[PDB]
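Here is the structure we will look at.
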Amino acid sequence: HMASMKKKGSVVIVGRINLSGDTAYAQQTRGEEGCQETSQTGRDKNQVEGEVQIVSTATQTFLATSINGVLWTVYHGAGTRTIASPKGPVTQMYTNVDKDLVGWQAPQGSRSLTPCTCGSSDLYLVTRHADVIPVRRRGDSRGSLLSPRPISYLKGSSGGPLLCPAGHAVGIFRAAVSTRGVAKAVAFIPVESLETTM
Ligand SMILES: COc1ccc2nc(C)c(O[C@@H]3C[C@H]4C(=O)N[C@]5(C(=O)NS(=O)(=O)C6(C)CC6)C[C@H]5/C=C\CCCCC[C@H](NC(=O)[C@@H](NC(C)=O)C(C)(C)C)C(=O)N4C3)nc2c1
Ligand SMILES: [Zn+2]
């Protein structure tokens with residue numbers, strides 16, 4: 001009934017993929033209880049750093065990537081949810097279920113990736129475990145793993161970046177192409193598609 005209708009919580013930044021030095025590594029910045037509490041209030045006072053965030057809802061965890069001052073992720077992870085911030089929940093400024101894409105204004109303190117204009121097909125996929133996986137671009141929205149891996153290793157990395165050799169953003173990881181449980185290829189949202197949405 002109306003009086004007891006619940007509200008969905010916010011997406012909460014719970015960590016990041018550190019790409020600042022020579023070694024990529026995941027960092028947790030918030031534990032499960034603080035995540036639950038922050039999801040309900042929408043108030044996250046933690047300092048944000050870096051380009052790739054680890055984000056969570058009450059039921060899912062995935063990645064989000066800052067490009068051109070927008071923190072982007074997948075609709076199948078975030079739905080229409082707000083994201084927690086120091087002054088309360090922030091409404092999405094982009095939502096496109098047809099592209100599996102959402103975006104919020106980039107958090108204060110984040111750093112943004114630059115959209116790639118290299119036209120290169122030698123890409124690198126960054127996972128939630130800070131693996132950097134070589135991927136050969138095979139089409140507008142597809143690339144093949146040079147070393148296929150069980151889908152277990154990619155689960156939870158939607159919303160992460162595919163990068164060019166120079167570290168520019170080429171796309172947002174959306175889905176895995178699975179044959180008998182092995183990811184041989186990935187699908188991504190091309191950065192051009194983000195730029196058109198903006
Ligand atoms: C609800 O509104 C929308 C709107 C648009 C939309 N667009 C979509 C393309 C879409 O896909 C669904 C989600 C997406 C997905 O799991 N992504 C991540 C990920 O990590 N998620 S996650 O864990 O972070 C999470 C779950 C918390 C958030 C990267 C993959 C990592 C590992 C793969 C695990 C096995 C799933 C294999 C799926 N692959 C296939 O279905 C392909 N078919 C075969 C046979 O292979 C293709 C892609 C069909 C060819 C697949 O990757 N999926 C299914 N859902 C939506 C929904
Ligand atoms: Zn580039």
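Starting from 1 in every chain, residues are counted up; chains themselves are A, B, ... following the order of the structure tokens, and ligands are numbered from 1 as listed.
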Requested in this report: Using DSSP on the backbone coordinates, identify all residues within chain A classified as helix (DSSP H, G or I); present the result as a PyMOL selection string.
Outcome: chain A and resi 2-4+32-41+75-78+151-153+191-197
For the selection just defined, write its residues with C-alpha atoms to a file, as a PDB file, in the first residue's frame.
ATOM      1  CA  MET A   2       0.990   3.637  -0.513  1.00  0.00           C
ATOM      2  CA  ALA A   3       2.103   4.445   3.025  1.00  0.00           C
ATOM      3  CA  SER A   4       4.732   1.684   3.045  1.00  0.00           C
ATOM      4  CA  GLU A  32      29.434  -3.466   3.301  1.00  0.00           C
ATOM      5  CA  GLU A  33      27.704  -1.840   6.292  1.00  0.00           C
ATOM      6  CA  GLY A  34      28.774   1.686   5.393  1.00  0.00           C
ATOM      7  CA  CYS A  35      27.678   0.920   1.841  1.00  0.00           C
ATOM      8  CA  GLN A  36      24.197  -0.125   2.976  1.00  0.00           C
ATOM      9  CA  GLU A  37      23.838   3.002   5.130  1.00  0.00           C
ATOM     10  CA  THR A  38      25.159   5.295   2.393  1.00  0.00           C
ATOM     11  CA  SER A  39      22.814   3.737  -0.171  1.00  0.00           C
ATOM     12  CA  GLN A  40      19.797   4.590   1.990  1.00  0.00           C
ATOM     13  CA  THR A  41      20.777   8.180   2.829  1.00  0.00           C
ATOM     14  CA  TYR A  75      21.869   0.629 -17.112  1.00  0.00           C
ATOM     15  CA  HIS A  76      21.669  -3.090 -16.306  1.00  0.00           C
ATOM     16  CA  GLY A  77      23.668  -2.300 -13.155  1.00  0.00           C
ATOM     17  CA  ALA A  78      22.360   1.098 -12.056  1.00  0.00           C
ATOM     18  CA  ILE A 151      33.203 -15.375 -17.783  1.00  0.00           C
ATOM     19  CA  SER A 152      33.699 -15.618 -14.006  1.00  0.00           C
ATOM     20  CA  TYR A 153      36.761 -13.390 -14.420  1.00  0.00           C
ATOM     21  CA  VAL A 191      33.048   6.425 -26.693  1.00  0.00           C
ATOM     22  CA  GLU A 192      31.582   8.098 -29.792  1.00  0.00           C
ATOM     23  CA  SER A 193      28.186   6.934 -28.561  1.00  0.00           C
ATOM     24  CA  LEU A 194      28.850   8.627 -25.207  1.00  0.00           C
ATOM     25  CA  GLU A 195      29.921  11.822 -26.987  1.00  0.00           C
ATOM     26  CA  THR A 196      26.701  11.860 -29.021  1.00  0.00           C
ATOM     27  CA  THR A 197      24.664  11.328 -25.838  1.00  0.00           C
TER      28      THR A 197
END
Please build the interface table for chain A against ligand 1 with a cut-off of 8 Å, listing for each qualifying residue the nearest atom pair and the distance in Å to one decimal; count only C-alpha atoms and all ligand atoms, order rows by chain and increasing number, and write it as CSV.
residue,atom,partner,partner_atom_place_in_ligand_line,distance
A:60,CA,ligand 1,27 (C),4.7
A:61,CA,ligand 1,27 (C),5.2
A:62,CA,ligand 1,24 (O),4.1
A:63,CA,ligand 1,24 (O),6.9
A:74,CA,ligand 1,28 (C),7.1
A:75,CA,ligand 1,2 (O),5.7
A:76,CA,ligand 1,57 (C),4.2
A:77,CA,ligand 1,28 (C),3.6
A:78,CA,ligand 1,28 (C),7.4
A:79,CA,ligand 1,1 (C),6.9
A:97,CA,ligand 1,4 (C),4.6
A:98,CA,ligand 1,5 (C),5.7
A:99,CA,ligand 1,5 (C),6.0
A:100,CA,ligand 1,5 (C),3.9
A:101,CA,ligand 1,5 (C),7.6
A:151,CA,ligand 1,32 (C),4.8
A:152,CA,ligand 1,32 (C),6.4
A:153,CA,ligand 1,32 (C),7.2
A:154,CA,ligand 1,31 (C),4.4
A:155,CA,ligand 1,31 (C),3.7
A:156,CA,ligand 1,24 (O),3.1
A:157,CA,ligand 1,20 (O),4.4
A:158,CA,ligand 1,20 (O),4.1
A:159,CA,ligand 1,24 (O),7.1
A:173,CA,ligand 1,29 (C),6.3
A:174,CA,ligand 1,17 (N),5.0
A:175,CA,ligand 1,52 (O),3.1
A:176,CA,ligand 1,52 (O),3.9
A:177,CA,ligand 1,46 (O),4.0
A:178,CA,ligand 1,46 (O),4.1
A:179,CA,ligand 1,46 (O),6.7
A:181,CA,ligand 1,35 (C),7.9
A:183,CA,ligand 1,33 (C),7.6
A:186,CA,ligand 1,29 (C),7.6
A:187,CA,ligand 1,48 (C),6.6
Print the selection's residues with N, CA, C and O atoms to a file, as a short mmCIF file (atom, residue, chain, number, x, y, z; two decimals), in the first residue's frame.
data_model
loop_
_atom_site.label_atom_id
_atom_site.label_comp_id
_atom_site.auth_asym_id
_atom_site.auth_seq_id
_atom_site.Cartn_x
_atom_site.Cartn_y
_atom_site.Cartn_z
N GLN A 60 23.99 -5.59 -6.33
CA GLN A 60 24.95 -5.76 -7.41
C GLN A 60 26.19 -4.91 -7.16
O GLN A 60 26.15 -3.91 -6.44
N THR A 61 27.30 -5.32 -7.77
CA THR A 61 28.51 -4.51 -7.77
C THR A 61 29.09 -4.55 -9.18
O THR A 61 29.02 -5.57 -9.86
N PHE A 62 29.61 -3.41 -9.62
CA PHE A 62 30.13 -3.25 -10.98
C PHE A 62 31.06 -2.03 -10.96
O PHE A 62 31.49 -1.60 -9.89
N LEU A 63 31.39 -1.50 -12.14
CA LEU A 63 32.32 -0.39 -12.27
C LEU A 63 31.64 0.82 -12.88
O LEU A 63 30.56 0.73 -13.49
N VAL A 74 26.64 1.15 -16.68
CA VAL A 74 25.63 0.40 -17.43
C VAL A 74 24.27 0.52 -16.76
O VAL A 74 24.14 0.50 -15.53
N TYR A 75 23.24 0.62 -17.60
CA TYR A 75 21.87 0.63 -17.11
C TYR A 75 21.50 -0.69 -16.43
O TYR A 75 20.72 -0.69 -15.47
N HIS A 76 22.03 -1.81 -16.92
CA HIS A 76 21.67 -3.09 -16.31
C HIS A 76 22.26 -3.24 -14.91
O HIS A 76 21.84 -4.14 -14.16
N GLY A 77 23.17 -2.35 -14.52
CA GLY A 77 23.67 -2.30 -13.16
C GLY A 77 22.96 -1.25 -12.31
O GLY A 77 22.51 -1.54 -11.20
N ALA A 78 22.83 -0.04 -12.84
CA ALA A 78 22.36 1.10 -12.06
C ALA A 78 20.87 1.36 -12.19
O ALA A 78 20.30 2.05 -11.33
N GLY A 79 20.22 0.84 -13.23
CA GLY A 79 18.87 1.28 -13.53
C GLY A 79 18.82 2.79 -13.58
O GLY A 79 19.72 3.44 -14.09
N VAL A 97 18.48 3.26 -22.02
CA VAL A 97 18.34 1.82 -21.92
C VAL A 97 18.70 1.14 -23.24
O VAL A 97 19.11 -0.03 -23.24
N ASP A 98 18.53 1.83 -24.37
CA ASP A 98 18.82 1.20 -25.66
C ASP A 98 20.31 0.95 -25.84
O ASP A 98 20.70 0.03 -26.57
N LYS A 99 21.15 1.76 -25.20
CA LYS A 99 22.60 1.59 -25.23
C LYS A 99 23.13 0.89 -23.99
O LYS A 99 24.34 0.62 -23.92
N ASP A 100 22.28 0.61 -23.01
CA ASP A 100 22.70 0.09 -21.71
C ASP A 100 23.63 1.06 -21.00
O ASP A 100 24.63 0.66 -20.40
N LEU A 101 23.28 2.36 -21.04
CA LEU A 101 24.17 3.43 -20.61
C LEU A 101 23.46 4.40 -19.67
O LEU A 101 22.34 4.83 -19.95
N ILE A 151 34.00 -16.57 -18.03
CA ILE A 151 33.20 -15.37 -17.78
C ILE A 151 33.25 -14.97 -16.32
O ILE A 151 33.01 -13.80 -15.99
N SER A 152 33.54 -15.92 -15.43
CA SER A 152 33.70 -15.62 -14.01
C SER A 152 34.68 -14.48 -13.77
O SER A 152 34.53 -13.72 -12.81
N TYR A 153 35.71 -14.38 -14.62
CA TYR A 153 36.76 -13.39 -14.42
C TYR A 153 36.34 -12.00 -14.85
O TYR A 153 36.94 -11.02 -14.39
N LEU A 154 35.32 -11.89 -15.70
CA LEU A 154 34.80 -10.61 -16.17
C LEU A 154 33.56 -10.16 -15.43
O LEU A 154 33.20 -8.98 -15.51
N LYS A 155 32.88 -11.07 -14.74
CA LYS A 155 31.66 -10.71 -14.02
C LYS A 155 31.96 -9.59 -13.03
O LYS A 155 32.94 -9.65 -12.28
N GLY A 156 31.10 -8.58 -13.02
CA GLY A 156 31.27 -7.43 -12.15
C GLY A 156 32.13 -6.33 -12.71
O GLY A 156 32.39 -5.35 -12.00
N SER A 157 32.57 -6.44 -13.96
CA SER A 157 33.40 -5.41 -14.57
C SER A 157 32.65 -4.55 -15.58
O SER A 157 33.25 -3.64 -16.16
N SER A 158 31.36 -4.80 -15.80
CA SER A 158 30.60 -3.90 -16.65
C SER A 158 30.71 -2.49 -16.11
O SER A 158 30.74 -2.27 -14.90
N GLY A 159 30.77 -1.52 -17.03
CA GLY A 159 31.00 -0.15 -16.67
C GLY A 159 32.46 0.27 -16.65
O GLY A 159 32.74 1.46 -16.55
N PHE A 173 32.73 -1.16 -21.13
CA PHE A 173 32.44 -2.60 -21.17
C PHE A 173 30.99 -2.85 -20.80
O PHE A 173 30.53 -2.42 -19.74
N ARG A 174 30.26 -3.56 -21.66
CA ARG A 174 28.83 -3.79 -21.52
C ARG A 174 28.48 -5.25 -21.29
O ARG A 174 27.69 -5.56 -20.39
N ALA A 175 29.04 -6.16 -22.08
CA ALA A 175 28.61 -7.55 -22.03
C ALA A 175 29.71 -8.45 -22.56
O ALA A 175 30.57 -8.03 -23.33
N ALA A 176 29.67 -9.71 -22.13
CA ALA A 176 30.62 -10.72 -22.58
C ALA A 176 29.94 -11.65 -23.57
O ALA A 176 28.76 -11.96 -23.44
N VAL A 177 30.71 -12.08 -24.57
CA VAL A 177 30.25 -13.04 -25.55
C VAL A 177 30.82 -14.38 -25.12
O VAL A 177 32.04 -14.58 -25.15
N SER A 178 29.94 -15.29 -24.70
CA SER A 178 30.32 -16.50 -23.98
C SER A 178 30.03 -17.73 -24.82
O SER A 178 28.91 -17.90 -25.31
N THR A 179 31.03 -18.60 -24.97
CA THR A 179 30.87 -19.91 -25.58
C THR A 179 31.29 -20.96 -24.56
O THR A 179 32.47 -21.04 -24.19
N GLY A 181 30.87 -20.96 -21.49
CA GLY A 181 31.39 -20.33 -20.30
C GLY A 181 32.68 -19.56 -20.47
O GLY A 181 33.13 -18.95 -19.50
N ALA A 183 34.78 -16.46 -22.14
CA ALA A 183 34.65 -15.18 -22.81
C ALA A 183 35.72 -15.09 -23.89
O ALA A 183 36.91 -14.97 -23.58
N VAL A 186 34.13 -9.40 -26.14
CA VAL A 186 33.35 -8.50 -25.31
C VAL A 186 32.62 -7.51 -26.20
O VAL A 186 33.05 -7.23 -27.33
N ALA A 187 31.51 -7.00 -25.70
CA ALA A 187 30.79 -5.90 -26.31
C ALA A 187 30.94 -4.67 -25.43
O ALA A 187 30.95 -4.79 -24.20
#
Requested in this report: Taking the DSSP assignment computed from this structure's backbone, write out as a VMD selection string all residues of region 17-138 of chain A that belong to strand (DSSP E or B).
Outcome: chain A and resid 17 to 18 25 to 28 43 50 52 to 56 61 to 67 70 to 73 83 85 90 94 to 96 101 to 105 110 113 115 122 to 126 132 to 137
Give me the chain A side of the contact with ligand 2, cut-off 9 Å, one line per residue showing its nearest atom pair and distance in Å at one decimal, counting only C-alpha atoms and all ligand atoms, sorted by chain and residue number, as a tab-separated table.
residue	atom	partner	partner_atom_place_in_ligand_line	distance
A:114	CA	ligand 2	1 (Zn)	8.3
A:115	CA	ligand 2	1 (Zn)	7.2
A:116	CA	ligand 2	1 (Zn)	3.9
A:117	CA	ligand 2	1 (Zn)	5.3
A:118	CA	ligand 2	1 (Zn)	4.2
A:119	CA	ligand 2	1 (Zn)	6.9
A:120	CA	ligand 2	1 (Zn)	6.7
A:163	CA	ligand 2	1 (Zn)	7.2
A:164	CA	ligand 2	1 (Zn)	4.7
A:165	CA	ligand 2	1 (Zn)	6.4
A:166	CA	ligand 2	1 (Zn)	5.2
A:167	CA	ligand 2	1 (Zn)	6.3
A:168	CA	ligand 2	1 (Zn)	4.5
A:169	CA	ligand 2	1 (Zn)	6.9
A:170	CA	ligand 2	1 (Zn)	7.1
Only N, CA and C atoms, please: the residues just picked out, written as a short mmCIF file (atom, residue, chain, number, x, y, z; two decimals), in the first residue's frame.
data_model
loop_
_atom_site.label_atom_id
_atom_site.label_comp_id
_atom_site.auth_asym_id
_atom_site.auth_seq_id
_atom_site.Cartn_x
_atom_site.Cartn_y
_atom_site.Cartn_z
N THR A 114 40.18 10.85 -21.31
CA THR A 114 39.99 11.60 -22.55
C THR A 114 39.49 10.67 -23.65
N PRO A 115 38.48 11.07 -24.42
CA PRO A 115 38.00 10.20 -25.50
C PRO A 115 39.08 9.97 -26.55
N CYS A 116 39.21 8.72 -26.98
CA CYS A 116 40.23 8.35 -27.95
C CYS A 116 39.88 8.83 -29.34
N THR A 117 40.86 9.42 -30.03
CA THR A 117 40.73 9.73 -31.44
C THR A 117 41.84 9.07 -32.25
N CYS A 118 42.51 8.05 -31.68
CA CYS A 118 43.66 7.42 -32.33
C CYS A 118 43.24 6.53 -33.49
N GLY A 119 42.02 6.01 -33.47
CA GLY A 119 41.63 5.06 -34.48
C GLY A 119 42.35 3.74 -34.40
N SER A 120 42.92 3.41 -33.24
CA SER A 120 43.68 2.18 -33.03
C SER A 120 42.75 1.04 -32.65
N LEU A 163 40.58 0.87 -23.14
CA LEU A 163 41.52 1.95 -23.39
C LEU A 163 42.36 1.64 -24.62
N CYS A 164 42.86 2.70 -25.26
CA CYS A 164 43.82 2.56 -26.36
C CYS A 164 45.24 2.47 -25.81
N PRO A 165 46.24 2.26 -26.66
CA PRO A 165 47.60 2.15 -26.12
C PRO A 165 48.02 3.39 -25.34
N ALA A 166 47.49 4.55 -25.70
CA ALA A 166 47.84 5.82 -25.07
C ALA A 166 46.99 6.12 -23.84
N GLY A 167 46.13 5.19 -23.42
CA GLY A 167 45.35 5.41 -22.23
C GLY A 167 44.11 6.25 -22.42
N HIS A 168 43.68 6.49 -23.66
CA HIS A 168 42.43 7.17 -23.92
C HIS A 168 41.26 6.20 -23.79
N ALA A 169 40.07 6.75 -23.53
CA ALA A 169 38.86 5.95 -23.42
C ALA A 169 38.32 5.61 -24.81
N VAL A 170 38.19 4.32 -25.09
CA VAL A 170 37.63 3.85 -26.34
C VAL A 170 36.19 3.37 -26.18
#
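Residues with any atom within 6 Å of residue 16 (chain A), counting only C-alpha atoms and excluding same-chain neighbours fewer than 6 positions away, are residues 26, 27, 52, 53 and 54 of chain A.
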**Report entry** Neighbour list for residue 25 (chain A) as a PyMOL selection string, cut-off 12 Å, only C-alpha atoms, skip fewer than 4 positions in-chain
**Finding:** chain A and resi 15-21+50+52-54+126-132
I need the chosen residues saved as an mmCIF file, in the first residue's frame, with N, CA, C and O atoms.
data_model
loop_
_atom_site.group_PDB
_atom_site.id
_atom_site.type_symbol
_atom_site.label_atom_id
_atom_site.label_comp_id
_atom_site.auth_asym_id
_atom_site.auth_seq_id
_atom_site.Cartn_x
_atom_site.Cartn_y
_atom_site.Cartn_z
ATOM 1 N N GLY A 15 34.929 1.696 -3.905
ATOM 2 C CA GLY A 15 36.348 1.510 -4.113
ATOM 3 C C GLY A 15 36.750 2.082 -5.449
ATOM 4 O O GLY A 15 35.980 2.795 -6.093
ATOM 5 N N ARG A 16 37.968 1.753 -5.866
ATOM 6 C CA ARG A 16 38.439 2.221 -7.156
ATOM 7 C C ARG A 16 39.470 1.256 -7.705
ATOM 8 O O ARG A 16 40.058 0.456 -6.973
ATOM 9 N N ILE A 17 39.718 1.380 -9.002
ATOM 10 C CA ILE A 17 40.826 0.694 -9.650
ATOM 11 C C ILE A 17 41.955 1.704 -9.795
ATOM 12 O O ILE A 17 41.859 2.655 -10.580
ATOM 13 N N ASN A 18 43.031 1.504 -9.043
ATOM 14 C CA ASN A 18 44.127 2.461 -9.024
ATOM 15 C C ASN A 18 44.997 2.268 -10.254
ATOM 16 O O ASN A 18 45.613 1.208 -10.427
ATOM 17 N N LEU A 19 45.058 3.303 -11.091
ATOM 18 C CA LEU A 19 45.853 3.303 -12.311
ATOM 19 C C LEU A 19 46.902 4.409 -12.305
ATOM 20 O O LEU A 19 47.399 4.791 -13.365
ATOM 21 N N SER A 20 47.253 4.925 -11.126
ATOM 22 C CA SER A 20 48.108 6.099 -11.036
ATOM 23 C C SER A 20 49.579 5.783 -11.249
ATOM 24 O O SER A 20 50.341 6.676 -11.636
ATOM 25 N N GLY A 21 49.994 4.545 -11.006
ATOM 26 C CA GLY A 21 51.398 4.201 -11.071
ATOM 27 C C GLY A 21 51.678 3.116 -12.082
ATOM 28 O O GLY A 21 50.985 3.007 -13.098
ATOM 29 N N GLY A 50 40.542 9.226 -8.822
ATOM 30 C CA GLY A 50 40.775 8.307 -9.919
ATOM 31 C C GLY A 50 39.674 8.294 -10.964
ATOM 32 O O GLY A 50 38.636 8.960 -10.860
ATOM 33 N N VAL A 52 38.386 5.167 -12.546
ATOM 34 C CA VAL A 52 37.523 3.993 -12.553
ATOM 35 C C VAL A 52 37.097 3.712 -11.123
ATOM 36 O O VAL A 52 37.943 3.431 -10.265
ATOM 37 N N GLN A 53 35.796 3.795 -10.865
ATOM 38 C CA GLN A 53 35.241 3.520 -9.549
ATOM 39 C C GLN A 53 34.631 2.128 -9.522
ATOM 40 O O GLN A 53 34.125 1.630 -10.532
ATOM 41 N N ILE A 54 34.716 1.496 -8.358
ATOM 42 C CA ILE A 54 33.906 0.326 -8.037
ATOM 43 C C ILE A 54 32.639 0.813 -7.348
ATOM 44 O O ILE A 54 32.711 1.560 -6.366
ATOM 45 N N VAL A 126 40.021 -2.996 -18.563
ATOM 46 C CA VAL A 126 40.366 -2.928 -17.147
ATOM 47 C C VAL A 126 39.222 -3.537 -16.341
ATOM 48 O O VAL A 126 38.090 -3.046 -16.401
ATOM 49 N N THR A 127 39.517 -4.578 -15.565
ATOM 50 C CA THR A 127 38.506 -5.283 -14.785
ATOM 51 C C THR A 127 38.468 -4.786 -13.342
ATOM 52 O O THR A 127 39.317 -4.005 -12.893
ATOM 53 N N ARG A 128 37.448 -5.248 -12.609
ATOM 54 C CA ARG A 128 37.279 -4.875 -11.206
ATOM 55 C C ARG A 128 38.357 -5.461 -10.308
ATOM 56 O O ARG A 128 38.466 -5.047 -9.146
ATOM 57 N N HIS A 129 39.127 -6.423 -10.810
ATOM 58 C CA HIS A 129 40.262 -6.986 -10.092
ATOM 59 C C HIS A 129 41.581 -6.352 -10.510
ATOM 60 O O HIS A 129 42.648 -6.878 -10.174
ATOM 61 N N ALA A 130 41.520 -5.242 -11.243
ATOM 62 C CA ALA A 130 42.671 -4.509 -11.760
ATOM 63 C C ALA A 130 43.483 -5.325 -12.761
ATOM 64 O O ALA A 130 44.669 -5.051 -12.968
ATOM 65 N N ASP A 131 42.870 -6.328 -13.379
ATOM 66 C CA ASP A 131 43.477 -6.969 -14.537
ATOM 67 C C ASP A 131 43.375 -6.034 -15.733
ATOM 68 O O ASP A 131 42.359 -5.360 -15.925
ATOM 69 N N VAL A 132 44.438 -5.993 -16.529
ATOM 70 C CA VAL A 132 44.478 -5.224 -17.766
ATOM 71 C C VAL A 132 44.596 -6.228 -18.903
ATOM 72 O O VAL A 132 45.663 -6.817 -19.113
#
